[PDB]
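Some notes on the structure that comes next.
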Number of protein chains: 2
Amino acid sequence: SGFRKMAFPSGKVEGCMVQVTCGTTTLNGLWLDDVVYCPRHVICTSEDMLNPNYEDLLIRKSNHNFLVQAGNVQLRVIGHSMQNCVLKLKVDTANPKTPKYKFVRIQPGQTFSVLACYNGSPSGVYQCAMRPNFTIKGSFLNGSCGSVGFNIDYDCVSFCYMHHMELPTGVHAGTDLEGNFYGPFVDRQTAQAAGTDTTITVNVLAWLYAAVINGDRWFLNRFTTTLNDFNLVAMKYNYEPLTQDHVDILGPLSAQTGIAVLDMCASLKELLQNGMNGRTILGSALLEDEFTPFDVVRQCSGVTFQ
Amino acid sequence: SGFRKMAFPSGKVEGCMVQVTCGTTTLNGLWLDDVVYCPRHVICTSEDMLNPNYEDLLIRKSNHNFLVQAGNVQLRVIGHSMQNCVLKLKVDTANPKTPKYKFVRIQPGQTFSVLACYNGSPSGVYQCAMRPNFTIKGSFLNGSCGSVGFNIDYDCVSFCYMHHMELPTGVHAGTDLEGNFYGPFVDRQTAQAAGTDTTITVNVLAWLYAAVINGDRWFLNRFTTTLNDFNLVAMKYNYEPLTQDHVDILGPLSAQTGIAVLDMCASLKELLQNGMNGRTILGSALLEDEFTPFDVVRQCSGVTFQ
Ligand SMILES: CNCc1ccc(-c2cccs2)cc1
Ligand SMILES: CNCc1ccc(-c2cccs2)cc1
Ligand code: NA
């Protein structure tokens with residue numbers, strides 16, 4: 001029993017974190033096999049942050065301009081290349097701690113663990129979700145660029161996010177490990193705004209299913225809804241549209257609890273209308289949207305109980 | 001920017017987790033030096049649990065009855081003994097991954113990171129506080145016993161919790177690493193219950209300071225109060241008493257933000273007496289009490305653990 005925002009154990013990623021220095025700028029890099037991945041903005045200078053020409057900046061660099069430190073060891077850079085917005089520094093040592101891994105680009109609503117790091121050393125681990133507007137709501141201070149987000153579902157680390165910048169509203173923007181930004185953002189200092197954010201409806205429903213699995217039914221009701229009527233209501237509360245894909249995705253949790261997906265939709269509709277009336281759901285007074293259906297199945301018992 | 005519930009990086013602890021099997025029961029152990037620590041209840045059948053005599057149950061066992069796996073590698077048990085409610089299995093090999101560590105017993109209100117494990121394999125990490133009622137609001141399924149809680153104090157892992165049981169309300173109980181239970185609990189199937197819990201006042205205040213540091217200031221007001229006056233309110237709202245030591249601990253945050261502790265207590269008084277009036281603080285509609293003053297300072301400064 002219980003339900004917590006749970007990250008993956010971070011050790012497999014800790015063993016890959018390095019420090020990359022270029023000029024006066026230091027940030028984090030990710031060392032896998034003989035490659036160190038980091039944000040290409042490490043090569044920018046102070047008077048050229050708004051419209052850097054990365055090709056022109058990089059061609060001027062030699063391998064020895066990049067200082068890469070792994071623990072107390074300096075690694076030797078033997079090559080470099082740029083892929084989209086990431087820099088790939090080839091080094092003369094394979095990381096002996098490289099885990100089984102892959103690179104996966106995720107979709108809005110997906111969750112992942114973030115290993116916040118400064119100067120190549122890990123600070124803490126927490127869970128994030130890719131918001132519908134392609135930002136994340138992280139905890140990142142100056143020096144955290146190059147920190148990564150990942151999942152580790154079956155002993156293989158799937159890297160999905162590398163941290164690049166903070167938008168004026170205090171939310172965070174970055175890339176996959178191929179260097180393609182999530183959302184319509186660019187690695188330039190010119191002020192950018194994220195789309196209005198919305199609530200991840202499918203995740204709220206999953207978390208209501210978690211609450212039932214853990215023994216709480218107070219918020220259910222005798223009603224149901226069509227999918228279209230649910231969406232017409234939920235959008236008035238800034239909730240994301242629920243698709244038939246989402247309905248299908250919720251099938252297993254519906255089967256476990258005996259609560260049809262559209263019935264749980266009717267419960268959500270009522271909660272949006274009524275609030276909680278001084279009650280909580282899984283210890284929250286707000287509707288939680290950063291647990292996916294997959295997260296709930298991984299964390300909760302397979303036996304609806306209590 | 002940003003403030004998130006964050007766990008310590010777990011890698012140093014992941015290298016210490018093993019699987020311990022006795023009879024039909026498998027749970028987790030902590031392998032440090034040449035000793036594996038696990039709950040003494042591992043030696044019990046389901047009839048034994050009604051009224052266990054642990055010393056008598058242990059003499060019937062010998063070393064070969066304890067099957068210990070570190071990953072895919074068997075560990076040979078060469079001795080066995082009990083300290084309070086933990087079994088200490090001497091093995092023939094010191095763990096080469098043993099970190100710098102100490103065993104510490106924590107106080108209610110202190111937070112720690114839990115590395116949830118099953119079959120000796122780390123599955124998730126999350127942040128807990130030892131509640132005033134000496135339970136923790138964990139997330140644990142069958143097979144999680146022996147999972148550990150810890151802090152990292154500079155360069156040293158401070159182990160503070162080993163998981164033993166779930167209480168009827170779905171909260172959790174366990175021991176320090178010397179096998180002394182937190183709270184008035186026993187490792188025997190008898191009627192047990194969590195006591196009425198209270199809110200950790202000093203931690204709420206710490207979190208309000210974190211909110212202000214992150215630009216969330218709507219709850220500030222012109223008023224101040226006195227300790228005796230505030231403690232009357234805390235008592236009324238099932239908050240722990242605030243002591244002068246708590247005030248002193250929060251001194252740094254008072255100086256940084258310009259809001260004296262009793263000034264923030266005036267804010268907390270007003271929130272307890274009037275609610276949040278539809279607003280949130282750091283994205284929460286509840287007053288969060290599982291961040292210590294140290295957690296706030298740490299996250300707000302980027303402290304690191306290589
Ligand atoms: C295998 N031995 C690991 C270990 C090493 C050092 C220490 C400490 C040294 C000083 C304070 S704690 C504790 C454990
Ligand atoms: C393999 N031993 C099975 C077992 C025995 C006792 C208990 C507990 C009873 C009360 C608190 S924990 C749990 C498991
Ligand atoms: Na005040």
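Order determines the names: the first chain of the structure tokens is A, the second B, and so forth; residues in each chain are numbered 1 upward, and ligands are numbered 1 upward as they are shown.
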
Given only C-alpha atoms and all ligand atoms, how would the per-residue table for chain B near ligand 2 read, listing every residue at most 10 Å away with its closest atom pair and distance in Å to one decimal, sorted by chain and number, as JSON lines?
```
{"residue": "B:21", "atom": "CA", "partner": "ligand 2", "partner_atom_place_in_ligand_line": "1 (C)", "distance": 9.0}
{"residue": "B:22", "atom": "CA", "partner": "ligand 2", "partner_atom_place_in_ligand_line": "1 (C)", "distance": 7.3}
{"residue": "B:23", "atom": "CA", "partner": "ligand 2", "partner_atom_place_in_ligand_line": "1 (C)", "distance": 7.8}
{"residue": "B:24", "atom": "CA", "partner": "ligand 2", "partner_atom_place_in_ligand_line": "1 (C)", "distance": 7.4}
{"residue": "B:25", "atom": "CA", "partner": "ligand 2", "partner_atom_place_in_ligand_line": "1 (C)", "distance": 5.0}
{"residue": "B:26", "atom": "CA", "partner": "ligand 2", "partner_atom_place_in_ligand_line": "1 (C)", "distance": 7.6}
{"residue": "B:27", "atom": "CA", "partner": "ligand 2", "partner_atom_place_in_ligand_line": "1 (C)", "distance": 8.6}
{"residue": "B:39", "atom": "CA", "partner": "ligand 2", "partner_atom_place_in_ligand_line": "12 (S)", "distance": 8.9}
{"residue": "B:40", "atom": "CA", "partner": "ligand 2", "partner_atom_place_in_ligand_line": "2 (N)", "distance": 8.2}
{"residue": "B:41", "atom": "CA", "partner": "ligand 2", "partner_atom_place_in_ligand_line": "2 (N)", "distance": 4.8}
{"residue": "B:42", "atom": "CA", "partner": "ligand 2", "partner_atom_place_in_ligand_line": "1 (C)", "distance": 4.0}
{"residue": "B:43", "atom": "CA", "partner": "ligand 2", "partner_atom_place_in_ligand_line": "1 (C)", "distance": 5.3}
{"residue": "B:44", "atom": "CA", "partner": "ligand 2", "partner_atom_place_in_ligand_line": "2 (N)", "distance": 3.8}
{"residue": "B:45", "atom": "CA", "partner": "ligand 2", "partner_atom_place_in_ligand_line": "2 (N)", "distance": 5.2}
{"residue": "B:46", "atom": "CA", "partner": "ligand 2", "partner_atom_place_in_ligand_line": "3 (C)", "distance": 5.8}
{"residue": "B:47", "atom": "CA", "partner": "ligand 2", "partner_atom_place_in_ligand_line": "5 (C)", "distance": 8.3}
{"residue": "B:48", "atom": "CA", "partner": "ligand 2", "partner_atom_place_in_ligand_line": "5 (C)", "distance": 7.0}
{"residue": "B:49", "atom": "CA", "partner": "ligand 2", "partner_atom_place_in_ligand_line": "6 (C)", "distance": 4.3}
{"residue": "B:50", "atom": "CA", "partner": "ligand 2", "partner_atom_place_in_ligand_line": "9 (C)", "distance": 7.4}
{"residue": "B:51", "atom": "CA", "partner": "ligand 2", "partner_atom_place_in_ligand_line": "9 (C)", "distance": 9.1}
{"residue": "B:52", "atom": "CA", "partner": "ligand 2", "partner_atom_place_in_ligand_line": "6 (C)", "distance": 8.2}
{"residue": "B:142", "atom": "CA", "partner": "ligand 2", "partner_atom_place_in_ligand_line": "14 (C)", "distance": 9.6}
{"residue": "B:143", "atom": "CA", "partner": "ligand 2", "partner_atom_place_in_ligand_line": "14 (C)", "distance": 9.8}
{"residue": "B:145", "atom": "CA", "partner": "ligand 2", "partner_atom_place_in_ligand_line": "14 (C)", "distance": 8.7}
{"residue": "B:163", "atom": "CA", "partner": "ligand 2", "partner_atom_place_in_ligand_line": "12 (S)", "distance": 9.7}
{"residue": "B:164", "atom": "CA", "partner": "ligand 2", "partner_atom_place_in_ligand_line": "12 (S)", "distance": 5.9}
{"residue": "B:165", "atom": "CA", "partner": "ligand 2", "partner_atom_place_in_ligand_line": "12 (S)", "distance": 4.9}
{"residue": "B:166", "atom": "CA", "partner": "ligand 2", "partner_atom_place_in_ligand_line": "11 (C)", "distance": 7.6}
{"residue": "B:167", "atom": "CA", "partner": "ligand 2", "partner_atom_place_in_ligand_line": "11 (C)", "distance": 8.2}
{"residue": "B:173", "atom": "CA", "partner": "ligand 2", "partner_atom_place_in_ligand_line": "11 (C)", "distance": 8.6}
{"residue": "B:174", "atom": "CA", "partner": "ligand 2", "partner_atom_place_in_ligand_line": "12 (S)", "distance": 9.1}
{"residue": "B:185", "atom": "CA", "partner": "ligand 2", "partner_atom_place_in_ligand_line": "11 (C)", "distance": 7.8}
{"residue": "B:186", "atom": "CA", "partner": "ligand 2", "partner_atom_place_in_ligand_line": "11 (C)", "distance": 6.0}
{"residue": "B:187", "atom": "CA", "partner": "ligand 2", "partner_atom_place_in_ligand_line": "11 (C)", "distance": 3.9}
{"residue": "B:188", "atom": "CA", "partner": "ligand 2", "partner_atom_place_in_ligand_line": "10 (C)", "distance": 3.7}
{"residue": "B:189", "atom": "CA", "partner": "ligand 2", "partner_atom_place_in_ligand_line": "10 (C)", "distance": 3.9}
{"residue": "B:190", "atom": "CA", "partner": "ligand 2", "partner_atom_place_in_ligand_line": "10 (C)", "distance": 6.5}
{"residue": "B:191", "atom": "CA", "partner": "ligand 2", "partner_atom_place_in_ligand_line": "10 (C)", "distance": 8.8}
{"residue": "B:192", "atom": "CA", "partner": "ligand 2", "partner_atom_place_in_ligand_line": "10 (C)", "distance": 8.5}
```

Quiz item: Would you name the residues within 6 Å of ligand 1, counting only C-alpha atoms and all ligand atoms, and put them as a PyMOL selection string?
Solution: chain B and resi 33+98-102

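For the residues A:34, A:169, A:160, A:257, ranking by smallest atom-to-atom distance to residue B:214 using only C-alpha atoms places A:169 first.
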
Per residue of chain B within 10 Å of ligand 3, what are the shortest atom pair and its distance in Å to one decimal, counting only C-alpha atoms and all ligand atoms, with rows by chain and residue number, as JSON lines?
```
{"residue": "B:219", "atom": "CA", "partner": "ligand 3", "partner_atom_place_in_ligand_line": "1 (Na)", "distance": 8.5}
{"residue": "B:220", "atom": "CA", "partner": "ligand 3", "partner_atom_place_in_ligand_line": "1 (Na)", "distance": 5.6}
{"residue": "B:221", "atom": "CA", "partner": "ligand 3", "partner_atom_place_in_ligand_line": "1 (Na)", "distance": 4.1}
{"residue": "B:222", "atom": "CA", "partner": "ligand 3", "partner_atom_place_in_ligand_line": "1 (Na)", "distance": 4.6}
{"residue": "B:223", "atom": "CA", "partner": "ligand 3", "partner_atom_place_in_ligand_line": "1 (Na)", "distance": 3.9}
{"residue": "B:224", "atom": "CA", "partner": "ligand 3", "partner_atom_place_in_ligand_line": "1 (Na)", "distance": 4.9}
{"residue": "B:225", "atom": "CA", "partner": "ligand 3", "partner_atom_place_in_ligand_line": "1 (Na)", "distance": 8.0}
{"residue": "B:259", "atom": "CA", "partner": "ligand 3", "partner_atom_place_in_ligand_line": "1 (Na)", "distance": 7.3}
{"residue": "B:260", "atom": "CA", "partner": "ligand 3", "partner_atom_place_in_ligand_line": "1 (Na)", "distance": 8.0}
{"residue": "B:261", "atom": "CA", "partner": "ligand 3", "partner_atom_place_in_ligand_line": "1 (Na)", "distance": 8.8}
{"residue": "B:262", "atom": "CA", "partner": "ligand 3", "partner_atom_place_in_ligand_line": "1 (Na)", "distance": 7.4}
{"residue": "B:263", "atom": "CA", "partner": "ligand 3", "partner_atom_place_in_ligand_line": "1 (Na)", "distance": 3.9}
{"residue": "B:264", "atom": "CA", "partner": "ligand 3", "partner_atom_place_in_ligand_line": "1 (Na)", "distance": 5.3}
{"residue": "B:265", "atom": "CA", "partner": "ligand 3", "partner_atom_place_in_ligand_line": "1 (Na)", "distance": 7.0}
{"residue": "B:266", "atom": "CA", "partner": "ligand 3", "partner_atom_place_in_ligand_line": "1 (Na)", "distance": 4.8}
{"residue": "B:267", "atom": "CA", "partner": "ligand 3", "partner_atom_place_in_ligand_line": "1 (Na)", "distance": 5.2}
{"residue": "B:268", "atom": "CA", "partner": "ligand 3", "partner_atom_place_in_ligand_line": "1 (Na)", "distance": 8.6}
{"residue": "B:269", "atom": "CA", "partner": "ligand 3", "partner_atom_place_in_ligand_line": "1 (Na)", "distance": 9.3}
{"residue": "B:270", "atom": "CA", "partner": "ligand 3", "partner_atom_place_in_ligand_line": "1 (Na)", "distance": 9.1}
```

Quiz item: Quick one: residues within 9 Å of residue A:132, only C-alpha atoms counted, chain neighbours fewer than 4 positions away excluded, as a PyMOL selection string?
Solution: chain A and resi 107-109+195-200+240

Exercise. Tell me, as an MDAnalysis selection string, which residues lie within 9 Å of residue B:15, counting only C-alpha atoms; anything in the same chain fewer than 6 positions away does not count.
Key: (chainID A and resid 11) or (chainID B and resid 31 95:99)

Practice problem: Assign secondary structure with DSSP using the backbone only, and return the residues of stretch 175-251 of chain A in alpha helix (DSSP H) as a PyMOL selection string. | Solution: chain A and resi 201-213+227-234+244-249+251

Those residues with C-alpha atoms, as a PDB file, in the first residue's frame please?
```
ATOM      1  CA  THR A 201      -6.347  13.864 -18.441  1.00  0.00           C
ATOM      2  CA  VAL A 202      -5.312  10.248 -19.047  1.00  0.00           C
ATOM      3  CA  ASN A 203      -2.850  10.509 -16.131  1.00  0.00           C
ATOM      4  CA  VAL A 204      -5.483  11.948 -13.782  1.00  0.00           C
ATOM      5  CA  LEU A 205      -7.726   8.963 -14.603  1.00  0.00           C
ATOM      6  CA  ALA A 206      -4.851   6.527 -13.997  1.00  0.00           C
ATOM      7  CA  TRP A 207      -4.253   8.130 -10.593  1.00  0.00           C
ATOM      8  CA  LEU A 208      -7.948   7.852  -9.733  1.00  0.00           C
ATOM      9  CA  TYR A 209      -7.598   4.144 -10.580  1.00  0.00           C
ATOM     10  CA  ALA A 210      -4.572   4.020  -8.217  1.00  0.00           C
ATOM     11  CA  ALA A 211      -6.734   5.493  -5.465  1.00  0.00           C
ATOM     12  CA  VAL A 212      -9.356   2.762  -5.977  1.00  0.00           C
ATOM     13  CA  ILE A 213      -6.685   0.062  -6.049  1.00  0.00           C
ATOM     14  CA  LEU A 227     -16.443  10.199 -24.579  1.00  0.00           C
ATOM     15  CA  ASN A 228     -17.484  13.317 -26.452  1.00  0.00           C
ATOM     16  CA  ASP A 229     -19.511  14.754 -23.548  1.00  0.00           C
ATOM     17  CA  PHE A 230     -16.573  14.132 -21.227  1.00  0.00           C
ATOM     18  CA  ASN A 231     -14.218  16.028 -23.525  1.00  0.00           C
ATOM     19  CA  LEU A 232     -16.683  18.905 -23.928  1.00  0.00           C
ATOM     20  CA  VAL A 233     -16.750  19.289 -20.139  1.00  0.00           C
ATOM     21  CA  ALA A 234     -13.099  18.602 -19.387  1.00  0.00           C
ATOM     22  CA  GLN A 244      -9.761   6.457 -27.802  1.00  0.00           C
ATOM     23  CA  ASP A 245      -6.080   5.545 -27.471  1.00  0.00           C
ATOM     24  CA  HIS A 246      -6.214   6.775 -23.880  1.00  0.00           C
ATOM     25  CA  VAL A 247      -9.445   4.856 -23.264  1.00  0.00           C
ATOM     26  CA  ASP A 248      -7.766   1.703 -24.604  1.00  0.00           C
ATOM     27  CA  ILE A 249      -4.642   2.386 -22.522  1.00  0.00           C
ATOM     28  CA  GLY A 251      -8.333  -0.940 -20.150  1.00  0.00           C
TER      29      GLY A 251
END
```

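By only C-alpha atoms, and with residues fewer than 4 positions from residue B:29 along its chain excluded, the set lying at most 10 Å from it is residues 16, 17, 18, 19, 20, 21, 35, 36, 37, 38, 39, 68, 69, 70, 87, 88, 89, 117, 119, 120, 145, 146, 147, 148 and 162 of chain B.
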
Let me see the file: selected residues, N, CA, C and O atoms, as an mmCIF file, in the first residue's frame.
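Now in part_4.cif:
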```cif
data_model
loop_
_atom_site.group_PDB
_atom_site.id
_atom_site.type_symbol
_atom_site.label_atom_id
_atom_site.label_comp_id
_atom_site.auth_asym_id
_atom_site.auth_seq_id
_atom_site.Cartn_x
_atom_site.Cartn_y
_atom_site.Cartn_z
ATOM 1 N N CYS B 16 24.567 -2.245 -2.451
ATOM 2 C CA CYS B 16 24.567 -2.972 -1.194
ATOM 3 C C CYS B 16 23.361 -3.871 -1.035
ATOM 4 O O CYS B 16 23.255 -4.563 -0.018
ATOM 5 N N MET B 17 22.422 -3.862 -1.976
ATOM 6 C CA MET B 17 21.198 -4.632 -1.801
ATOM 7 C C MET B 17 21.379 -6.065 -2.284
ATOM 8 O O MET B 17 21.956 -6.320 -3.348
ATOM 9 N N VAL B 18 20.878 -7.003 -1.489
ATOM 10 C CA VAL B 18 20.945 -8.418 -1.825
ATOM 11 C C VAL B 18 19.591 -9.063 -1.562
ATOM 12 O O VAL B 18 18.694 -8.481 -0.937
ATOM 13 N N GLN B 19 19.449 -10.296 -2.045
ATOM 14 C CA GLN B 19 18.242 -11.079 -1.824
ATOM 15 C C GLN B 19 18.514 -12.088 -0.718
ATOM 16 O O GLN B 19 19.558 -12.751 -0.727
ATOM 17 N N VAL B 20 17.584 -12.212 0.228
ATOM 18 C CA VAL B 20 17.731 -13.162 1.326
ATOM 19 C C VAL B 20 16.513 -14.073 1.321
ATOM 20 O O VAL B 20 15.372 -13.602 1.424
ATOM 21 N N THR B 21 16.757 -15.380 1.218
ATOM 22 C CA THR B 21 15.701 -16.378 1.243
ATOM 23 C C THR B 21 15.891 -17.292 2.446
ATOM 24 O O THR B 21 17.004 -17.768 2.710
ATOM 25 N N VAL B 35 28.770 -8.543 6.322
ATOM 26 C CA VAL B 35 27.531 -8.816 7.042
ATOM 27 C C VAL B 35 26.352 -8.395 6.179
ATOM 28 O O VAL B 35 26.396 -7.346 5.527
ATOM 29 N N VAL B 36 25.304 -9.213 6.171
ATOM 30 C CA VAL B 36 24.036 -8.910 5.511
ATOM 31 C C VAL B 36 23.001 -8.716 6.613
ATOM 32 O O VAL B 36 22.828 -9.589 7.473
ATOM 33 N N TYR B 37 22.328 -7.564 6.606
ATOM 34 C CA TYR B 37 21.334 -7.192 7.601
ATOM 35 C C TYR B 37 19.960 -7.359 6.977
ATOM 36 O O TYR B 37 19.750 -6.938 5.834
ATOM 37 N N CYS B 38 19.025 -7.949 7.715
ATOM 38 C CA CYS B 38 17.653 -8.054 7.231
ATOM 39 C C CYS B 38 16.724 -8.205 8.428
ATOM 40 O O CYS B 38 17.187 -8.394 9.566
ATOM 41 N N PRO B 39 15.402 -8.112 8.215
ATOM 42 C CA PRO B 39 14.466 -8.232 9.342
ATOM 43 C C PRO B 39 14.506 -9.630 9.937
ATOM 44 O O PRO B 39 14.570 -10.624 9.206
ATOM 45 N N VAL B 68 21.573 -16.396 0.167
ATOM 46 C CA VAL B 68 21.804 -14.980 -0.079
ATOM 47 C C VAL B 68 22.374 -14.828 -1.483
ATOM 48 O O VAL B 68 23.391 -15.446 -1.817
ATOM 49 N N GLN B 69 21.714 -14.021 -2.309
ATOM 50 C CA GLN B 69 22.174 -13.722 -3.659
ATOM 51 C C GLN B 69 22.462 -12.240 -3.800
ATOM 52 O O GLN B 69 21.600 -11.410 -3.495
ATOM 53 N N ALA B 70 23.649 -11.920 -4.311
ATOM 54 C CA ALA B 70 24.010 -10.563 -4.717
ATOM 55 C C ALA B 70 24.001 -10.551 -6.243
ATOM 56 O O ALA B 70 24.964 -10.979 -6.888
ATOM 57 N N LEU B 87 18.361 -9.471 11.872
ATOM 58 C CA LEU B 87 19.275 -10.589 11.763
ATOM 59 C C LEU B 87 20.548 -10.117 11.066
ATOM 60 O O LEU B 87 20.488 -9.336 10.104
ATOM 61 N N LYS B 88 21.702 -10.596 11.549
ATOM 62 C CA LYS B 88 23.007 -10.243 10.999
ATOM 63 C C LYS B 88 23.632 -11.529 10.477
ATOM 64 O O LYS B 88 24.054 -12.377 11.268
ATOM 65 N N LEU B 89 23.689 -11.675 9.160
ATOM 66 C CA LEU B 89 24.243 -12.863 8.515
ATOM 67 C C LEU B 89 25.678 -12.563 8.122
ATOM 68 O O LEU B 89 25.929 -11.724 7.252
ATOM 69 N N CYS B 117 12.952 -2.062 -2.824
ATOM 70 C CA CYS B 117 13.556 -3.205 -3.521
ATOM 71 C C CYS B 117 12.695 -4.443 -3.386
ATOM 72 O O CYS B 117 11.935 -4.586 -2.428
ATOM 73 N N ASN B 119 13.211 -8.780 -4.249
ATOM 74 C CA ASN B 119 14.119 -9.842 -4.685
ATOM 75 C C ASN B 119 15.547 -9.333 -4.834
ATOM 76 O O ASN B 119 16.276 -9.744 -5.743
ATOM 77 N N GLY B 120 15.952 -8.409 -3.960
ATOM 78 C CA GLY B 120 17.295 -7.882 -3.974
ATOM 79 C C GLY B 120 17.575 -6.863 -5.057
ATOM 80 O O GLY B 120 18.716 -6.396 -5.160
ATOM 81 N N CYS B 145 10.136 -5.955 2.318
ATOM 82 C CA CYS B 145 10.807 -5.897 3.608
ATOM 83 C C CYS B 145 12.307 -5.975 3.421
ATOM 84 O O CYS B 145 12.816 -6.639 2.505
ATOM 85 N N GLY B 146 13.030 -5.276 4.293
ATOM 86 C CA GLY B 146 14.467 -5.168 4.157
ATOM 87 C C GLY B 146 14.940 -4.012 3.281
ATOM 88 O O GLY B 146 16.145 -3.710 3.271
ATOM 89 N N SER B 147 14.026 -3.377 2.530
ATOM 90 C CA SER B 147 14.357 -2.135 1.835
ATOM 91 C C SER B 147 14.791 -1.122 2.884
ATOM 92 O O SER B 147 14.288 -1.124 4.010
ATOM 93 N N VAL B 148 15.701 -0.221 2.500
ATOM 94 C CA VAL B 148 16.319 0.668 3.479
ATOM 95 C C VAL B 148 16.080 2.133 3.139
ATOM 96 O O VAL B 148 15.857 2.519 1.981
ATOM 97 N N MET B 162 15.111 0.463 8.163
ATOM 98 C CA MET B 162 14.912 -0.802 7.456
ATOM 99 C C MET B 162 13.440 -1.158 7.533
ATOM 100 O O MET B 162 12.838 -1.100 8.614
#
```

Where does chain A meet chain B within 6 Å, residue by residue, with the nearest atom pair and distance in Å to one decimal for each, counting only C-alpha atoms, listed by chain and rising number, as a Markdown table?
```
| residue | atom | partner | partner_atom | distance |
| --- | --- | --- | --- | --- |
| A:1 | CA | B:170 | CA | 5.3 |
| A:2 | CA | B:139 | CA | 4.2 |
| A:3 | CA | B:139 | CA | 5.1 |
| A:6 | CA | B:126 | CA | 5.0 |
| A:7 | CA | B:125 | CA | 5.2 |
| A:8 | CA | B:124 | CA | 4.7 |
| A:9 | CA | B:124 | CA | 5.3 |
| A:10 | CA | B:10 | CA | 5.6 |
| A:11 | CA | B:11 | CA | 3.5 |
| A:121 | CA | B:306 | CA | 4.9 |
| A:122 | CA | B:304 | CA | 5.7 |
| A:123 | CA | B:304 | CA | 4.4 |
| A:124 | CA | B:8 | CA | 4.7 |
| A:125 | CA | B:7 | CA | 5.2 |
| A:126 | CA | B:6 | CA | 4.9 |
| A:138 | CA | B:2 | CA | 5.7 |
| A:139 | CA | B:2 | CA | 4.2 |
| A:140 | CA | B:1 | CA | 5.7 |
| A:141 | CA | B:1 | CA | 5.9 |
| A:170 | CA | B:1 | CA | 5.8 |
| A:285 | CA | B:285 | CA | 5.6 |
```

Serialized selection, N, CA and C atoms, as a tab-separated table (two decimals), in the first residue's frame:
```
chain	number	residue	atom	x	y	z
A	1	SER	N	0.81	-1.22	0.00
A	1	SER	CA	0.00	0.00	0.00
A	1	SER	C	0.85	1.27	0.00
A	2	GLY	N	0.17	2.41	-0.15
A	2	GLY	CA	0.82	3.70	-0.31
A	2	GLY	C	0.99	4.06	-1.77
A	3	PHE	N	1.25	5.33	-2.02
A	3	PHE	CA	1.45	5.77	-3.40
A	3	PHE	C	2.29	7.04	-3.38
A	6	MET	N	7.59	8.21	-7.40
A	6	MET	CA	8.74	7.34	-7.24
A	6	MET	C	9.63	7.49	-8.46
A	7	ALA	N	10.91	7.77	-8.23
A	7	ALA	CA	11.84	7.79	-9.35
A	7	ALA	C	12.49	6.42	-9.50
A	8	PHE	N	13.16	6.23	-10.63
A	8	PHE	CA	13.98	5.04	-10.75
A	8	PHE	C	15.27	5.21	-9.94
A	9	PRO	N	15.83	4.10	-9.45
A	9	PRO	CA	17.14	4.18	-8.79
A	9	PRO	C	18.14	4.79	-9.76
A	10	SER	N	18.97	5.70	-9.28
A	10	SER	CA	19.74	6.55	-10.17
A	10	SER	C	21.14	6.04	-10.46
A	11	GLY	N	21.57	4.96	-9.80
A	11	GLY	CA	22.98	4.57	-9.85
A	11	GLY	C	23.51	4.37	-11.26
A	121	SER	N	28.43	16.11	-10.75
A	121	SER	CA	28.09	15.22	-9.65
A	121	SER	C	26.61	15.34	-9.29
A	122	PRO	N	25.98	14.21	-9.00
A	122	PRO	CA	24.53	14.20	-8.82
A	122	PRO	C	24.14	14.85	-7.51
A	123	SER	N	23.03	15.57	-7.55
A	123	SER	CA	22.48	16.28	-6.41
A	123	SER	C	21.24	15.59	-5.84
A	124	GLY	N	20.37	15.10	-6.71
A	124	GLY	CA	19.15	14.46	-6.26
A	124	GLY	C	18.41	13.88	-7.44
A	125	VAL	N	17.39	13.10	-7.13
A	125	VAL	CA	16.59	12.48	-8.16
A	125	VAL	C	15.11	12.74	-7.88
A	126	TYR	N	14.36	13.04	-8.93
A	126	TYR	CA	12.92	13.29	-8.79
A	126	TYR	C	12.21	12.94	-10.10
A	138	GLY	N	10.65	21.27	-13.44
A	138	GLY	CA	11.76	20.68	-12.73
A	138	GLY	C	12.26	21.53	-11.59
A	139	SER	N	13.42	21.13	-11.08
A	139	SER	CA	14.15	21.87	-10.07
A	139	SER	C	15.57	21.92	-10.60
A	140	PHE	N	15.91	23.04	-11.23
A	140	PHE	CA	17.19	23.18	-11.91
A	140	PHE	C	17.77	24.55	-11.57
A	141	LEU	N	19.00	24.56	-11.05
A	141	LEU	CA	19.72	25.79	-10.78
A	141	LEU	C	20.77	26.02	-11.85
A	170	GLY	N	9.72	30.13	-15.50
A	170	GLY	CA	10.30	29.23	-14.53
A	170	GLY	C	10.19	27.75	-14.86
A	285	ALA	N	-4.82	17.18	-2.19
A	285	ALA	CA	-6.03	17.99	-2.28
A	285	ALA	C	-6.26	18.54	-3.68
```

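Atom CA of residue A:258 sits 23.5 Å away from atom CA of residue A:241.
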
Exercise: residue B:84 partners within 8 Å, only C-alpha atoms, chain neighbours under 5 positions left out, as a short mmCIF file (atom, residue, chain, number, x, y, z; two decimals) with N, CA, C and O atoms, in the first residue's frame:
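Saved as selection.cif:
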```cif
data_model
loop_
_atom_site.label_atom_id
_atom_site.label_comp_id
_atom_site.auth_asym_id
_atom_site.auth_seq_id
_atom_site.Cartn_x
_atom_site.Cartn_y
_atom_site.Cartn_z
N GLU B 178 20.21 -0.91 13.69
CA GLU B 178 20.51 -1.68 14.89
C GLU B 178 19.30 -2.45 15.38
O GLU B 178 19.34 -3.02 16.47
N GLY B 179 18.22 -2.46 14.58
CA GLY B 179 17.05 -3.27 14.84
C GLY B 179 16.09 -2.74 15.87
O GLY B 179 15.22 -3.50 16.33
N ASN B 180 16.21 -1.48 16.27
CA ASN B 180 15.28 -0.87 17.21
C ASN B 180 14.14 -0.26 16.40
O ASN B 180 14.37 0.60 15.54
#
```
